[PDB]
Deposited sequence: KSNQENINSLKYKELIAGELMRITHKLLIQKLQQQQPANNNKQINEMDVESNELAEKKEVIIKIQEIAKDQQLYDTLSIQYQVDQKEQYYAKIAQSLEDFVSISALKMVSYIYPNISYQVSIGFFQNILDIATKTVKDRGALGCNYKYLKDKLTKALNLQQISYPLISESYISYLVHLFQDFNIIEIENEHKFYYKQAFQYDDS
């Protein structure tokens, strides 16, 4: 029930949904529908849910996914269209995720030659979505790295290989 754990779950779900959304668009008519069984096929999601819950059985794994996805419904990123297992599936709002891409693009573009880092972009996305009706952020660090890497694969962003390190003061 911690706010940090909710964010970590929601961020894996954000990536998965965006990944499915982009796959479906390429292979195709107007709407994109994803099954809960397709959302479930991600190792990090399973590993993240396995931190606090027993999700070795599918139904229990699916239950906990449906629970975390209720917040996605209330912010209009998804809409449930089939309710009765084995047919639990959702329509993805293409505007919601395109808006995420518009905001990410503008944030990094306005920085120009100074550029920015992963925290900055995360705070900026979150401030600009302004989803105060949930009470934890949906944007995790792992979702931001997936976006940054996606942008790099489309030649939009160049990632620096330099890192800072510090002497540990005894």
Q. Unmodelled stretches of the deposited sequence, numbered from 1?
A. 1-7, 36-56, 199-204
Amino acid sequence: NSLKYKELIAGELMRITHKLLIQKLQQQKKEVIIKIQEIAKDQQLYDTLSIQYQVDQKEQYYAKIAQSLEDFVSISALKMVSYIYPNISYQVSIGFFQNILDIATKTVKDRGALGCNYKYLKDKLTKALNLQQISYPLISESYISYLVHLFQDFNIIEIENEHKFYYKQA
From here on, numbers count along this sequence of modelled residues.
Q) Do the C-alpha atoms of 126-134 or of 113-121 have the higher average B factor in the entry? A) 126-134
**Q.** Segment of higher mean CA temperature factor, 29-37 or 98-106
**A.** 29-37
Q: Taking the values exactly as deposited, rank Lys164 by C-alpha B-factor within its chain and report the matching third: lowest, middle or highest.
A: middle
Q) If you rank every modelled residue in this chain by C-alpha B factor, which third holds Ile51: lowest, middle or highest? A) highest
**Q.** Third of the chain, ranked by Cα B-factor, where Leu45 sits
**A.** middle
Q: Rank-wise, by C-alpha B-factor, drop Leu69 into the lowest, middle or highest third of its chain.
A: middle
